[PDB]
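Participant: I am attaching a structure below and will ask some questions about it afterwards.
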Amino acid sequence: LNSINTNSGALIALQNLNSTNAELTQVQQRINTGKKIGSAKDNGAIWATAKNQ
Amino acid sequence: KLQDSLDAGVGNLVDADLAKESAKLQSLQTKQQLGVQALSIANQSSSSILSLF
């Protein structure tokens, strides 16, 4: 509290910014690919099923 | 008649169905424009941290 060495609030704000940045890059993947399941990383079962089909 | 049948078979082997190709052309032009938009949005990501200094 009121300390020089540490600022927890900046850490929480930074992890929140990292979360919104990850959501942004995921949406960028959904537009540049046009697919909501573009790879096995998104969902392996539906992806393998659509691949075989 | 046999020569006409052989030419028809060569056409069945190689010829493309352009009616599918027109829809593919339209969808691919739209997908390319969306991909250029997503690429620009990905290129802009670095700018945000200049304002926090």
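Participant: Can you pull the Rg over Rh of chain B, Cα-only, Kirkwood?
Facilitator: The Rg/Rh ratio comes out at 1.55.
Participant: Moving on to the next point. First select every other residue whose beta carbon is under 14 angstrom from the beta carbon of residue B:38; then total the charges, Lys and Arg +1, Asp and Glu -1.
Facilitator: +3
Participant: Just to confirm the number: angle between the C-alpha axis of helix B:18-43 and the first principal axis of chain B, 0 to 90 degrees, nearest 10?
Facilitator: Once rounded, the angle reads 10 degrees.
Participant: Given a Förster distance of 30 Å, report the FRET efficiency between residue A:13 and residue A:46 from their Cβ-Cβ distance, rounded to the nearest 0.05.
Facilitator: 0.30
Participant: Could I ask something else about it? Give the peptides B:2-10, B:41-49 in descending order of average Cβ contacts within 10 Å, highest first.
Facilitator: Highest to lowest by the protection proxy: B:41-49, B:2-10.
Participant: Run down the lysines and flag those whose C-alpha is under 25 Å from the C-alpha of residue B:24, throwing out any fewer than 8 positions away in its chain.
Facilitator: Result set, ordered by chain and number: A:35, A:36, A:51.
Participant: Where does each of A:4, A:37, A:31 land when they are ranked from fewest to most other beta-carbon atoms within 10 angstrom?
Facilitator: Lowest count first: A:4, A:31, A:37.
Participant: Among B:9, B:52, B:26, whose Cα lies farthest out toward the positive end of the dipole of chain B, if unit charges sit on the beta carbon of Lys, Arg (+1) and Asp, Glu (-1)?
Facilitator: Going by the charge dipole, the pick is B:52.
Participant: For chain A, which trypsin sites (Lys or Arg not before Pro) pass both filters: DSSP loop (anything but H, G, I, E, B) and at most 13 other C-beta atoms within 10 Å?
Facilitator: Listed in order of number, the matching sites are A:35, A:36, A:41.
Cβ: placed from backbone, ideal geometry, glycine included. Neighbour counts: every protein chain shown. FYI, it's all coordinate maths here, none of it is from the lab.
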